[PDB]
Amino acid sequence: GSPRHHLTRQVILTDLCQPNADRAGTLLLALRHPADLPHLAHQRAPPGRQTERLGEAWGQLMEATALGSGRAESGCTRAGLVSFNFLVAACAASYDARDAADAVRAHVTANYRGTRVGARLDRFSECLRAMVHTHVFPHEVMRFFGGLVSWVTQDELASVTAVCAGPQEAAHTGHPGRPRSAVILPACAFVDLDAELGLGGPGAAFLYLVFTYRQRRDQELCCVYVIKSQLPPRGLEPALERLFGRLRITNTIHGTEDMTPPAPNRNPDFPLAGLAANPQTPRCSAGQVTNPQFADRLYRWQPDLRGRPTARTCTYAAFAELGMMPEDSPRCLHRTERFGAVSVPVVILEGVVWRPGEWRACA
Amino acid sequence: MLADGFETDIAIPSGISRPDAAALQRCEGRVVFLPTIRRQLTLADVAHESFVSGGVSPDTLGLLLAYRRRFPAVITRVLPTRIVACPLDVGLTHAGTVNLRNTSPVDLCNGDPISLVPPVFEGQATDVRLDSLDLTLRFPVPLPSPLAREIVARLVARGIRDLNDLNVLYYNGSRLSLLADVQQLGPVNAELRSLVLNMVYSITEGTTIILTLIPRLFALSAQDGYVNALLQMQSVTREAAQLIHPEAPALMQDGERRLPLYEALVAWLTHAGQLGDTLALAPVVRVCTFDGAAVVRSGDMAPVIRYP
Amino acid sequence: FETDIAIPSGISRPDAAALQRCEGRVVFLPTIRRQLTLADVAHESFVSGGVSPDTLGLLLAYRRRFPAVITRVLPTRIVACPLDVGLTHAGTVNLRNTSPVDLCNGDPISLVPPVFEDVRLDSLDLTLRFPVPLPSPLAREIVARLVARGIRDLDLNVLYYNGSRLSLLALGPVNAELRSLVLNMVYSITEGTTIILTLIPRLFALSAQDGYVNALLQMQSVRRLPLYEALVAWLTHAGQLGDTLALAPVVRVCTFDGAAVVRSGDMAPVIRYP
Amino acid sequence: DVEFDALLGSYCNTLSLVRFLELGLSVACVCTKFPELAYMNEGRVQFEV
Amino acid sequence: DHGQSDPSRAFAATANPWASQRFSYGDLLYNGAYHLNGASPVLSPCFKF
Amino acid sequence: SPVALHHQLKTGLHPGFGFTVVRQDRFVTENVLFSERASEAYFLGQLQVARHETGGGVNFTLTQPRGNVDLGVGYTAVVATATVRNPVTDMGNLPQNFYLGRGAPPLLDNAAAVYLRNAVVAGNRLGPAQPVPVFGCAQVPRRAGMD
Amino acid sequence: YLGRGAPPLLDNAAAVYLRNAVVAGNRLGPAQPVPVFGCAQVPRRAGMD
Amino acid sequence: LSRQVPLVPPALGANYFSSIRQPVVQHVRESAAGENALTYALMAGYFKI
Amino acid sequence: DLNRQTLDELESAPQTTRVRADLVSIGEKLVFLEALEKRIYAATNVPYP
Amino acid sequence: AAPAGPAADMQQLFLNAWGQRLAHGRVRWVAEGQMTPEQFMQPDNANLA
C-alpha cells in the first residue's frame, strides 16, 4: 500500500544547492536559465534605474563561484536549483530572530563542500537586492521544485531526486535503514497564523511560500516564509495585509523615485459629467470624428500620467500554494538536529501532501 | 488530495421526527459550507444560526462575502445518523465525480463553470427548515458562470445607488428578476474598496495611449458592424467620444527601452480582468457529462469534474 | 481510461501516414465518451457561425471542450485519454511539442491557438488545427505581445527564453486573424478608465508624488449619463475575459529518466495536478 | 381500540426477452458472427457483373 | 402579462381591451375574488372563466 | 429609407413593393418499408466489458463492434410515405427580425439609430430583450405558453 | 466600544475624542481598531495570577 | 409640432380634464361622408355614458 | 431465480355455473354486452347512472 | 393651470415656459390617432395597460 506520487530526476550542479549538507527532506527551488534575467531587466524596469545592475550582480556571482580549477563560466549543463537552506541564510540579515538566523548561517558557511563559501552569500543576497531594484521579481523567476528523497554524489554535480506531486512520506529514500523522510525547515521562516489570529481550532491546514520585498533607493530587503494556515488561497490577501502592511506603507511613498512628475499640476477636472448636461455643447458624428475641421471644435484633453505609483511598483508580497496537511490536527514538532558540528533551530513538518500552484502578487 | 478520498461527517443529532428525517433525504446533492476541514462537525455548525454575525443576520451581499471564507462542500449521501460531504477545495473522491442537483431556475450546458449564488430570486428562497431542532438550512443556488458575473455585478451596482430599474435579467430568453431589499452600508463598502483598488491598479501610464484610440473606434463602428454592436446603445464610451478629442502626450521618460502598451496590458490582466474573482467566489466546478445530454434540466442531477 | 475516435472509411495512402505523424498531440472533444466520430473532432466541428472562427473564438471553445492527449494511433480508431478524468487512474501520458520553444522540468503548460504560422485530409475534407503547448509564464507574455502589436497599427518582437531568441514575426494573415482580440482589449480599458474617471473625477488631477499618495493610502485602509447601468456592460464583459485570457495550465511536466530540457519534436512526460 | 394497516399483494412484471431470430425482420440480414472485428482494417466484398 | 401576445391568435395581444387585462371592467364584475355578485343565487356562467 | 419606410408601413400606405413570403413547415408522417431476401450483410463481433466510476456509482458500459455490408447491386429498400399525422409547425405569421442579426453597418447619426431599434424591437414577437451580445448568441423572449 | 450597532454622535471630531479617552489605557479594550465584520479582540495579557 | 398636435394652453383647460377629448377632433378630419352626415354624426356622439 | 411461482397461481379453481349473458367479439376478444336497466333499476326511484 | 394675468399674453407665458416640455417624448393621445384597430390590439404600444 503506497499512495500515488511523482518522482523527478535532473542532472544538477551543486553550485548553489547541496544535497549532502542538507539531508533528506528539505525544500528546493527551480530557476530560469539566467540568460533571460538582465534582458528583461533592461525592458521591464521603471524609468530611471540602473538596468545593468542585474547583469553585473549576477555577473560577479558566477565569477566568484569558481575563481580556480580553470572552469568556464558559461556551460551546457547549468545549476538552476537553489536549496532552501541556502536561500534563508542569504536573506538572513532581514529577520527578527537573528540569533537563530546566524545558527542557520553557521552550517551554511561550514557544512557546504567548497572553498570560501560565504563570499557567495555576500553576493547572492546582493543579487536578490538587484532583482528588486532591476524589478524582475524573483517570484517571476523562482519556481517550486520538489523535496529531496535521495542524492547520487560526484564532484560538483549530483542526481537530485525529488517529489513534484504527492505525499512527502511516501517516496523511497534509497537506504532501507531509513526509507522515508520528513519536510525539514529552519525556524526562522515558519510563521503560523493560527495563534497569531486566535484560530486555535483544530482542522486541516495549507502550506504556502511567501516572499516580501521592500522597494527603496538602494535600501532593499528580501525574506522567505513558509506559512502554515487554515486559510483559503482566495482569502490570504487580507491576512498578509495585516502583517506586512508597514512594508506596503513604505513602498507606496518611497518606491517611486527619479520619475519626473509634470510640473506644475496641469490636468484639470474631468468635465464629462458637466459637458453632457448642456444640449448646447458642440458634438460630432461617426464620420466627422478623425477629421481636422471637426475635431478642433471638440474638447481638448491631454492626460499626463507621470510619476504615478503604479501597481507593479507597490508590490509587497507574492505567494503560491505549496501543499496541505490533511490531518485532523496538524502535528508539528520543534527540535534541533545536528548537521555535523552545527545544531540548528529546525521545524519538522509531518504528513505533507504536495500540490504546487501558480504565483499571485499582493499588489 | 488523498488516495482513498476525504469525506467529512456532519453529525445528525438524536431527536428528529419523521416529518424532519424525510426532509433531509431530499438534500442529496446540495452545497454545504464547512467552516473548517474537520472530519466531524454538527448541523449547528452548518445551519444559518452559525452563519449569523453578532446577532445581525446579514443581507444577500454579505452572504457572498462569507462564502469565500468557508469551504463549499457537496453532500454525496445521507445516512440516518450523519450527513457525508466532500469539500471542493481538497479532493473530490477516487473518481473526481460528485453528483449535484440543480436548484437553479436556469438549466445548464456541458462544460460550463459553476459559481454559486445566494437565493436571490423571488418566489424561490426555499429554506429546508428543521422543526424539532430549530434550524434553517439555506441552500445556495448553483448557476452557470456568465450568470454569476451578472448577478454579482447587479447587486454591487445597486448598493452604490443607495450611497447618494436594474433588477431585470435575461438568460436563454426566460425572464427572471431578483429580490429588491435594503442593503446594509457595511458590506457594500467592502465591495466598493475591492473595486477601486483593482480599478485604479489597472491604470498605468501606458493607458494614455489607449485613451487616444477612442476616436478610431467611434469611426470604426461606422463601417464594421462588429464594432457597432460592440460599444452598446447604453454605453459610456460612445457619449464620451462625442465630446472629447483626446491627444497623446509628447514624450516618455526613458521611453525608448520600455514598451508602454505592453505594461498597461500585463497590469490589466492580473488586476481588472481578475476582478470577477474578488467580488464573488472562484469557479471551482464545471459540468462534464459522460453520456447524458447537452442540457442538464432543473431538478436533475449532474456529474461533475473539477476545474481551475 | 481510453476513448476511441473512429476514422470513417476511405483513407488514402499518404493520409494514413499523415495521422501517423500526430502521435502525442493535444486535441479537444465535446464530451467524454467511449466512442466518437472524427468529424466531431476536426476544425470543422466548431466553424459554427458563418465565418470560420478566429483566435478569440478558438479560446472560448477551448474552455467549453475537454482536452485530450492522443496515445497510440490505430489505423481504424484514434485512441485518446482526456486531461480531466482519465489521468487519475493512469499516471503519466507522453506529449509532443509543436512549440518553437523548448520545455524545462517543472513548468506548467497552457495552450495557445496556432497564432505563429495543420494536417489536411483530402479523403475526408477537413483540416485539423492544433494548439501550441507553450509554458504558461510565456502565455501571459506572448498573447500580451500580439495584442500589443495591433494597437500600434491604429522593438516589440524581441523575446528571450532559455538562452535562446524568439522572433514572433518569423505578417499578412495573423494581424487580420487577430482583429477581434484587439477590438475588445481596447474597449474594456476605455470603458474602465472612463467610468473610474466618472466615479471619482479627480483621479487624473492630483499631484502624483505629493498628493495622490494620500488619495492612495486612504483607499487601502479597511438628459442623464446611464452610468450605473453601464457597470454591468463593463463588469460582465471584463468578468468574461478574466477566464479566457487566464490560460489556466492543465499540464505540468515532471521529467524522470530522461533529459532535463525537452526540445522541439521530442516527447516530454506529463502529469496533471493530483 | 384496534387498528390495522394493510399491504395486500405485491405485483411485478415479466420482461419480454425477444430473440432477434424470432422476428420477421431477420430475412434482410446475413448474420455470421465474428469472434474478432477490432483486429481488422478495411475489408472487402467482391462482385462480378 | 401583456408584454407577450395571445397564445391562440399569436399576432395580437388579446381580443378585448375591456375584458382581458387586470383591474378591468371585465374583472370588476365577474370575480369571486372581488365579490360583486356573491349574493344572488342565479348562476353566472362565466364564473369559471 | 428604413426610417422613411417605417412610417409608410404603419400608416397603411402601399409603397412600390411586393414580397414573397417564404417559410418552412415540418410534418409527421408514417412510412412503409419493403426490403428483399438479402439486402445487407451484417457482421457482428465480440462484446467488450468496461468499468468506470461516476458519482459513487460504477458504470459497466458494454459495447459490441459491428459491420454493415450492403450486398445489393442496385436498390434493395423503399420508403413508402403513406399517411400524415399532426403537422408540427403552426402555420402562423411570425415576421423575421434582422436586429437579432449582426454584421450590417449602421446608419451614422446615433441619435437616430436608437429611434428605429426602440420602435421595431419595442413590442415585438421575436426581437431581443437584452441587447445583442458582442460574441454570444442573442436570445428570444420565451413565451408564457405555446398553443 | 467593544460592541457595535449604536449610532455615534454626528461630530466626528468628537466621536474619536471619547474613544481615545476610554479604550486608551484599558484592561479590556482592543489594541487594534475593531474589525468591521465579526468580533473584536481582547489584548494579549502577559500574566494571569 | 404645431401642425400635428393642438396647442391648447391649460389656462383654458387641457385634454383629459375637458369634456370633448381628442378623438372628436380627428373624427372631423378622417370622415368620408359629407356635410349633411357629420351634423347628425356629431350629435350622435354627445350621448353621455 | 427471477420468475418464481407467482402467489395467486397456487390456488384451486372455484366452482362454476351457467349464466345467460350476451357475448360479442369486437376486434379479437370476447366482450360481454350488457344493458343494466332491467335487472337493476326496475321500478325503483333511483336514476340510471 | 389657474388663469394668471390678463388673457392677452396668456399664450406667450405658455410657449416661453413649455418649449422644453413638448420635446421630451411623444404625446400619447395624438399617437392613438393613426392607429389601425388591428394594430391597437397588438402589443406594439405601451398604452394597453
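Up top you'll find the structure we're talking about.
This report concerns the structure included in the present document. Numbers on residues come from counting from 1 along each chain's written sequence, not from the entry itself, and any residue without coordinates is not displayed. Here every chain gets a letter starting at A, and every ligand a number starting at 1, in the order they are written. Part of a larger assembly is shown, with all reported values restricted to the visible chains. Derived side-chain values reflect all non-hydrogen atoms in the structure, with water molecules and hydrogen atoms excluded from consideration.

The next thing to look at is the overall build of chain F. When you go through chain F residue by residue, the secondary structure sums to two helices and eight strands. Taken from N to C terminus, the helices and strands of chain F fall in the order α-β-β-β-β-β-β-β-β-α. Compactness check: chain F gives a C-alpha radius of gyration of 27 Å against a globular reference of 15 Å for 147 residues, more than 25% above the reference. Dimensions of chain F, computed from the C-alpha atoms along their principal axes, are close to 70 × 50 × 35 Å. In chain F, of all internal contacts separated by at least 6 residues, the share reaching a separation of at least 24 is 63%. Charged residues are defined here as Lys and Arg on the positive side and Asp and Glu on the negative side; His and the ends of the chain fall outside this count. In this description, the location of a charge corresponds to atom NZ of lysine, CZ of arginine, CG of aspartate or CD of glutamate. Here chain F holds 12 positive side-chain charges and 9 negative ones, and the gap between their average locations is 8 Å. For helices the rule is a DSSP run of H or I covering at least 4 residues; for strands it is a run of E covering at least 2, with both sets numbered from the N terminus onward. Computation of the radius of gyration draws on C-alpha atoms alone. For the globule rule, the value is 2.2 Å times the number of residues to the power 0.38. Residue contacts are defined here by distance: any two heavy atoms, one from each residue, within 4.5 Å place the two residues in contact.

By this rule, a helix spans an expected 1.5 Å times one less than how many residues it contains. Counted at 1.5 Å a residue, the expected span for helix α5 (residues 179-199) of chain C with its 21 residues is 30 Å, and the 31 Å between its end C-alpha atoms agrees. Burial classification: accessible surface area is computed with a 1.4 Å probe over protein chains only, and a residue below 20% of its type maximum counts as buried, one above 50% as exposed, and the rest as partly exposed. Among the 21 residues that make up α5(C), 19 are buried, leaving the element largely enclosed by the rest of the structure.

Tallying the contact residues gives six residues for chain C and four residues for chain D. Buried area counts how much accessible surface, traced with a 1.4 Å probe, disappears from two parts once they are put together, with both parts' losses summed. When chain C packs against chain D, close to 280 Å² is buried across both sides, 38% of that on carbon and sulfur atoms. For this analysis, a polar contact is any N or O atom pair within 3.5 Å, provided that within protein one partner can donate a hydrogen and the other can accept it, and provided that sequence-adjacent residues contribute only side-chain to side-chain pairs. Applying the counting criterion to the chain C and chain D interface returns one residue pair in polar contact. When residues are grouped by polarity, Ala, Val, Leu, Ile, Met, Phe, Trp, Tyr, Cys and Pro land in nonpolar, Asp, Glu, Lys and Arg in charged, and all others, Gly among them, in polar. Class assignment of the residues belonging to the side of chain C that touches chain D gives a composition of two nonpolar, three polar and one charged.

On to the nonpolar core. In terms of nonpolar packing, the biggest core is built from 93 residues, with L27(A), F84(A), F124(A), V210(A), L240(A), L349(A) and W354(A) touching the most fellow members. Once residues lying within four places of it in the same chain are set aside, the contact partners of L349(A) are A182(A), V183(A), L185(A), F190(A), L207(A), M325(A) and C332(A). Nine residue types can take part in a nonpolar core, namely buried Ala, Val, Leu, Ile, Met, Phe, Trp, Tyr and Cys, and a core is a set of them joined through side-chain atoms within 4.5 Å. Core analysis: the next-biggest nonpolar cluster, separate from the first, contains 50 residues, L166(B), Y201(B), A280(B) and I195(C) among them.

To pair, rings of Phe, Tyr and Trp, with the six-membered ring standing in for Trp, must have centres within 6.5 Å; the planes then decide the type, stacked if under 30 degrees apart, edge-to-face if over 60, and tilted in the middle. The final tally for this structure, using the stated rule, is 18 aromatic pairs over all chains. For the pair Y208(A) and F319(A), a centre-to-centre distance of 6.2 Å together with 35° between the ring planes defines the contact as tilted. Separated by 111 residues along the polypeptide, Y208(A) in strand β8 (residues 205-213) and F319(A) in strand β11 (residues 317-325) bring together distant segments of the chain. As far as the burial class goes, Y208(A) and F319(A) line up, both buried. Geometrically, the ring pair formed by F28(C) and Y62(C) is stacked, given 4.2 Å between the ring centres and 10° between the ring planes. Here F28(C) is found in strand β2 (residues 26-29), whereas its partner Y62(C) is found in helix α2 (residues 55-64), with 34 residues between them in sequence. Judged by relative accessible area, which is 7%, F28(C) ranks as buried. For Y62(C), a relative accessible area of 10% corresponds to the buried category. Among the aromatic residues, those joined into a ring-pair cluster are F86(A), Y112(A) and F124(A). Sitting over the ring of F130(C), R25(C) keeps its end group 4.8 Å from the ring centre. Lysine NZ or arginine CZ positioned within 6 Å of the ring centre and within 35 degrees of the ring normal marks a charge as sitting over the ring.

Time to look at the state of the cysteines. Whenever a pair of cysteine sulfur atoms sits within 2.5 Å, that pair is classed as a disulfide. Considering all chains together, one arrives at two disulfides over all chains under this definition. The disulfide partner of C91(A) is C222(A), and the S-S distance across this bridge is 2.1 Å. Measuring handedness by torsion sign, the sulfur bridge of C91(A) and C222(A) sits at about -115° and is left-handed. Highlighted residues: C91(A) in the loop between α3 (84-90) and α4 (98-111) and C222(A) in strand β9 (residues 222-229), separated in sequence by 131 residues. For the pair shown, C91(A) and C222(A) are each scored as buried. Note that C164(A) is cross-linked by a disulfide to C254(C), the S-S spacing being 2.0 Å. Every disulfide takes its handedness from the sign of the S-S torsion; for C164(A) and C254(C) that torsion is 130°, giving right-handed. With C164(A) in strand β6 (residues 157-167) and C254(C) in the loop between β12 (251-253) and β13 (267-271), this pair bridges two chains. On the accessibility criterion, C164(A) (8% relative accessible area) is buried.

Let's shift gears to the interface of chain B and chain C. Across the contact, 64 residues belong to chain B and 67 residues belong to chain C. Together, the buried faces of chain B and chain C total about 6200 Å²; carbon and sulfur atoms form 68% of this surface. When the area that chain B buries against chain C is broken down by residue, the three leading residues are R149(B), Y262(B) and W268(B), summing to 10%. Salt bridges are defined as contacts in which a side-chain nitrogen from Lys or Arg sits within 4 Å of a carboxyl oxygen from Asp or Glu. Applying the counting criterion to the chain B and chain C interface returns four salt bridges. For the salt bridge of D224(B) with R179(C), the shortest nitrogen-to-oxygen distance reads 2.3 Å. Counting every contact that joins chain B to chain C gives twelve residue pairs in polar contact. When residues of the side of chain B that touches chain C are assigned to their parent elements, the largest contribution, eight residues, is made by helix α4 (residues 145-161) of chain B. A breakdown of the residues in the side of chain B that touches chain C according to their chemical character gives 39 nonpolar, eleven polar and 14 charged.

The subject of this paragraph is the pattern of salt bridges. Scanning the entire structure with this criterion turns up 34 salt bridges over all chains. Among the salt bridges present, the one from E42(D) reaches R44(D), with a minimum N-O distance of 3.8 Å. You can call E42(D) partly exposed: its relative accessible area is 41%. Close ionic contact of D44(J) with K10(F) constitutes a salt bridge, the shortest N to O distance being 3.7 Å. Taken together, the residues span two chains, with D44(J) in the segment after α2 (28-31) and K10(F) in helix α1 (residues 4-10). Here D44(J) falls in the partly exposed class, since its relative accessible area comes to 31%.

Let us look at the sheet that holds strand β2 (residues 28-30) of chain A. Residue and element names in this part refer to chain A. For two strands to pair, DSSP has to find at least two bridges joining them. Spatial ordering of the open sheet is given by β3-β2-β4, a layout of three strands whose pairing is antiparallel. Of all the strands in the sheet, just β3 (81-83) and β4 (143-145) have a single pairing partner and so form its edges. Mean inter-strand twist for the sheet, computed between neighbouring axes without regard to direction, equals 40°. Pairing between β2 and β4: three bridges, direction antiparallel. Note that in β4 the partner of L29 across the bridge is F144. Throughout, an axis means a line fitted to C-alpha atoms (over the contacting stretch in the case of helices), and angles, computed between N-to-C directions, take values from 0 to 180 degrees.

It is worth spelling out the side chain of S110(C) at this point. Residues and elements named next belong to chain C. Take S110: it is sitting in the loop between β7 (108-109) and β8 (119-121). Looking at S110, the relative accessible area reads 3%, which means it is buried. The contacts of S110, once residues within four sequence positions are left out, are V132, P133, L134, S136, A139, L247, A248 and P249.

On to the packing of α2(C) against helix α7 (residues 231-244) of chain C. All names here are of chain C. In the contact formed by α2 and α7, the axes pass within 10 Å of each other and the chain directions differ by 75°. Classified by the angle their axes make, α2 and α7 are roughly perpendicular. Every residue of α7 that contacts α2 at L59, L60 and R63 is listed here: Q240, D243 and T244. Taken together, the residues that form the contact of α2 with α7 break down as two nonpolar, two polar and two charged. The labels follow the angle: roughly parallel below 35 degrees, roughly antiparallel above 145, roughly perpendicular from 65 to 115, and oblique for the rest.

Residues and elements named next belong to chain A. Where burial is concerned, most of β8 is hidden: nine out of the nine residues are buried. The alternating pattern of β8 places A205, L207, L209, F211 and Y213 on one face and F206, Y208, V210 and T212 on the opposite face, and all of these are buried. Across eight bridges, the pairing between β8 and β11 is antiparallel. Looking at the pairing, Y208 lines up with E321 of β11. Both β8 and β9 contribute to a ladder of eight bridges, which runs antiparallel. Paired with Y213 across the two strands is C222, which belongs to β9.

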